[PDB]
Amino acid sequence: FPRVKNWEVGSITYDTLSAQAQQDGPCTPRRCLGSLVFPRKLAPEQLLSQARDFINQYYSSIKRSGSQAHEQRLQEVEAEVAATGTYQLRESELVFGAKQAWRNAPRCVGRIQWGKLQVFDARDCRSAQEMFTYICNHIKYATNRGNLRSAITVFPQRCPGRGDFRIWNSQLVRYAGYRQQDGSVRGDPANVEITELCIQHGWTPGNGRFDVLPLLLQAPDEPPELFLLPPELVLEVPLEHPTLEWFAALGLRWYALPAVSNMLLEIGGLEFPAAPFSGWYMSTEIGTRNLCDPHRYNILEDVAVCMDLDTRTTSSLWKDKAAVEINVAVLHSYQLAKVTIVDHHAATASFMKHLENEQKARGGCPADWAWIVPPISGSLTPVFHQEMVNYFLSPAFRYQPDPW
Amino acid sequence: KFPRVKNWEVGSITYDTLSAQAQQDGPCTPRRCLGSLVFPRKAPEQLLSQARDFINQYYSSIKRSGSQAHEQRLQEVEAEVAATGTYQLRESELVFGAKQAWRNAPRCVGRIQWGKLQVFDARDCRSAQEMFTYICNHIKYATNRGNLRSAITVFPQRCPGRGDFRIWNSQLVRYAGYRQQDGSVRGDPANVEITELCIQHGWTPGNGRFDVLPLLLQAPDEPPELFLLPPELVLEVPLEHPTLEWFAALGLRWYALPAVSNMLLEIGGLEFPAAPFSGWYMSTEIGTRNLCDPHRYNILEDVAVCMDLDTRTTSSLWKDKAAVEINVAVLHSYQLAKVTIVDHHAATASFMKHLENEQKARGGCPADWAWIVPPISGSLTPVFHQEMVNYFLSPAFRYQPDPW
Ligand code: HEM
Ligand code: HEM
Ligand SMILES: Cc1cc(CCNCc2ccc3c(C)cc(N)nc3c2)ccc1C#N
Ligand SMILES: Cc1cc(CCNCc2ccc3c(C)cc(N)nc3c2)ccc1C#N
Ligand SMILES: C[C@H](O)[C@H](O)[C@H]1CNc2nc(N)[nH]c(=O)c2N1
Ligand SMILES: C[C@H](O)[C@H](O)[C@H]1CNc2nc(N)[nH]c(=O)c2N1
Ligand SMILES: [Cl-]
Ligand SMILES: [Cl-]
Ligand SMILES: [Gd]
Ligand SMILES: [Gd]
Ligand SMILES: [Zn+2]
């Protein structure tokens, strides 16, 4: 039972929950690879064992373990799989599982919210046109005029034989990335290839560096088809700074809904290759990673010139200055636009509050220190000073091969 | 079957083949990662097997592997263990061994410099008194009027029949920390304990915030003897801000020389429980950590208030702005005072070049990601976007329990 220490306060806890971890990670006694982005690189009696485990923790969570429908529910799943091969989750189960998977995501710092999540059951989806509308309710419910609300939309569970439901964008909202003669990129370089894939599937390209990509929706077997997004659904926030009057002129924007459409949801041994979830942003996500990363928008030097900073020596800390202002402008702009956004201090502190809750409840909490600590001011936040154990619980969100 | 490691800023891929030589064992299993633990740790035949390895490394590096002088040294060593249960390092072997320990230190961002290390051989040392003299000398050579040099002093190896040489002080230069009427601490809270010890061993405490502590030096089978550092030996840098003239009225200071004095040095099974070593500071250790940590000097709010920042709300990023100014002061005061210092941007850049040097050389490089990334501006620096393999090689520096 790992002794975990907090070094800011001197407190000590034990992670007993780690004990019940299953799907083995990447690390060994001889070398730690906790800093890898992809940990686990990418006869049906394995289905049942995973299934009984989820069902047991389901009834555990409602007290009704032992006797009652608990006893009963084990048989239905048993018989279902015995007959069919796969099984269907009761609707309440699918809601329980989806929340658990969130609660088990080690790299997410928003888990203090894990209990408040809106699940939309689209297991009766059957078409790309059908997927599209489902996506469009979600985005509408999630966005909610900038009063953002955590939502997941679950599409049919992958079944033995015959193809998957899948979304080809990594997110629902993505800006375009265009190559050229230079080999450089106008727009967002993170989305250069999916822009490549859009155009070659019949999308008329665009102007420049904030062009919302269209979706690519893949119904089982049948190849993908584009689906243009309604401009009013895709809520955005133009970027201005509270005191640096020139910032708006730079013409920076960013969307309101972070919504991931490529990760694979697993509950009770069932794989959902299409299960888009959305929450709301932490400001450093936009201000530090998306706009400042050398391989993203890389705007840091442009902001620094306009601030008339000394970019000639790295010891003026012009990078650190520019970056704080780019962050101040993000929080400001989202607030002016009355769109839900959380700063990193506010967020990390709430995560600490989550760790203590998760101690009392489950005897621990799987966390990925490198992803929980923010990309700026790491040591200024409490989670820097907090030892963390990382492991894999089910249900969870996994990564999956892209469909190319 | 060697770890694939990717640089996410540039897209580079390399495999860490050096990790498969990992001579000791870390805290991680495939069930759970524990890389965020500060303390990831805690017979003649084994002393031989460690020793043979070191000797092998040594004769590899002088391009004289598998030769007369090599097999000589093996036979000589494994026969000296027979007669005494120990063996002695030749001086050249000691110098190579001290560098390697630095080279292998996974938590050191300044390893680009590993080859330029001045090794003082004090294995003939005889008392706590000769010990003090050797230390004063180390401080004098290393400080060098503000133009700092890397050195290490190696006191006599742990041996059968005798007690250890031990320096009780975590670092050669440390500020006192005094408990209070409030129950609070005056000066540096990291050194409340050592301060307690010094006082009880006859030191006459001051009452300032930057009272330099005396040394407690332990010669074999002797109580620790207390030694005052000659004031003119301890070069300090008074902290001022280049455009916030009220800053100098904080009365903040720091010392030039980061000399760690309580770590064990391990060479071919031989253990040196006293071998103080020193480099020069990276500005964040002073700016971010030593001053802004809530549990250290904790000046963050007091600076931010003085900056007339709005400390009511976190979304104002008051913590981040105040921190960036504290760092700017550190780099500036030190540059003014003509006292060597490196910024985290410059530091992280040379570390990347180190990783590149190391891959060509040994096919890899041990690195603790969460230590390498600066406690501010992580993603702004290149080490944020680099995956790293953590493992233990020998020679090495290790933590060791306090002798009290
Ligand atoms: C509601 C507010 C939320 C906040 C503030 C939040 C915060 C974050 C942040 C900052 C990340 C880092 C991702 C990155 O930097 O690339 C993250 C990742 C993640 N979040 Fe949350 N999140 C929220 C909602 C949700 C919801 C609703 C779910 C699932 C239903 C979720 C599950 C995840 C997962 C699985 C990851 C890992 C992403 C990956 O590995 O690519 N989060 N979260
Ligand atoms: C010359 C410039 C040097 C720089 C800029 C530098 C930088 C650093 C920094 C920033 C840390 C982390 C400190 C902390 O987080 O508390 C560290 C740790 C460490 N460094 Fe270096 N260093 C230098 C020289 C040296 C030398 C000369 C040695 C040994 C011969 C060394 C060996 C180590 C070791 C063993 C650690 C781990 C200390 C621990 O675990 O507490 N470094 N270094
Ligand atoms: C595997 C991978 C992962 C990532 C990170 C993607 N995760 C982004 C994300 C995903 C979900 C979020 C959610 C749900 C909320 C939020 N505030 N931010 C979120 C951010 C980037 C590139 C790769 C790659 N290759
Ligand atoms: C185990 C432990 C470790 C640390 C880390 C302290 N390391 C300090 C250090 C040690 C050597 C340095 C060197 C050699 C150079 C440099 N710039 N900074 C250095 C800083 C702090 C508290 C504890 C505790 N308890
Ligand atoms: C190699 C390293 O793990 C990688 O760059 C990680 C570090 N931490 C991160 N943390 C978050 N939230 N998002 C990221 O993309 C990354 N990148
Ligand atoms: C618990 C946590 O890992 C701990 O506070 C670490 C994080 N990374 C660090 N990195 C460095 N360089 N120095 C440190 O003291 C720490 N502290
Ligand atoms: Cl994003
Ligand atoms: Cl220090
Ligand atoms: Gd101007
Ligand atoms: Gd001024
Ligand atoms: Zn690990």
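Each ligand, and each atom within it, is numbered from 1 in the order the structure gives. When reading the values below, keep in mind they use all heavy atoms of this one structure, side chains included, and skip hydrogens, waters and symmetry mates. Note on naming: letters A, B, ... go to the chains in the order of the sequence lines (proteins, then strands), and numbering restarts at 1 for each one.
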Of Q171(A), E285(A), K6(B), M282(A), the residue with the heavy atom nearest atom 20 (C) of ligand 3 is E285(A)

Minimal heavy-atom distance between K6(B) and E387(B), with the atoms involved, is N-OE1, 3.0 Å

Is ligand 3 less than 4.0 angstrom away from at least one heavy atom of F397(A)?
no

So, 4.0 Å and heavy atoms of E285(A): is ligand 1 close enough to count as a contact? yes

Count the heavy atoms belonging to other residues, nucleotides or ligands that lie under 6.0 Å from NZ of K140(A), then report whether that count exceeds 12.
no

Short version for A101(B): what comes under 4.0 Å of ligand 2, heavy atoms counted, is neither

Mind checking whether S278(B) has a heavy atom under 4.0 Å from ligand 2? yes

Near atom 21 (Fe) of ligand 1 (protein N/O/S, cut-off 2.8 Å, waters excluded) we have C108(A) SG

If you compare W280(A), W371(A), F38(A) by their heavy atoms, the one closest to atom 4 (C) of ligand 3 turns out to be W371(A)

- Query: Does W114(B) reach ligand 2, in the sense of a heavy atom lying below 4.0 Å from it?
  - Reply: no

Note: ligand 3 atoms sitting under 4.0 Å from heavy atoms of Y281(A) are 17 (N)

One finds that the ligand 2 atoms under 4.0 Å from a non-hydrogen atom of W371(B) are 14 (C), 15 (O)

Within 4.0 Å of some non-hydrogen atom of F277(A), the atoms of ligand 3 are 14 (C)

- [ ] Tell me yes or no: between the side chains of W254(A) and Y281(A), is some donor less than 3.5 Å from an acceptor?
- [x] yes

Q.
Taking only non-hydrogen atoms of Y281(A), do any sit less than 4.0 angstrom from ligand 1?
A. no

When distances are taken from atom 29 (C) of ligand 2, the protein heavy atom at minimum range is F277(B) CD1, 3.2 Å

Under 4.0 Å between heavy atoms, the region of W102(A) that gets near ligand 3 turns out to be neither

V37(A) heavy atoms within 4.0 Å reach ligand 3 at atoms 1 (C)

*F351(B) and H354(B): aromatic ring centres closer than 6.0 Å?*
yes

The closest protein heavy-atom partner of atom 38 (C) of ligand 2 is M263(B) SD, 3.9 Å

closest protein heavy atom to atom 5 (C) of ligand 2 is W280(B) O, 3.4 Å

for atom 41 (O) of ligand 2, nearest protein heavy atom and its distance come out as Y399(B) OH, 3.1 Å

Legend entry - Ring centers of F384(B), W369(B) separated by less than 6.0 Å: yes

Can you tell me if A396(A) has a non-hydrogen atom under 4.0 Å from ligand 1? no

Per-atom filter on ligand 3: closer than 4.0 angstrom to a heavy atom of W8(B) are 24 (C), 25 (N)

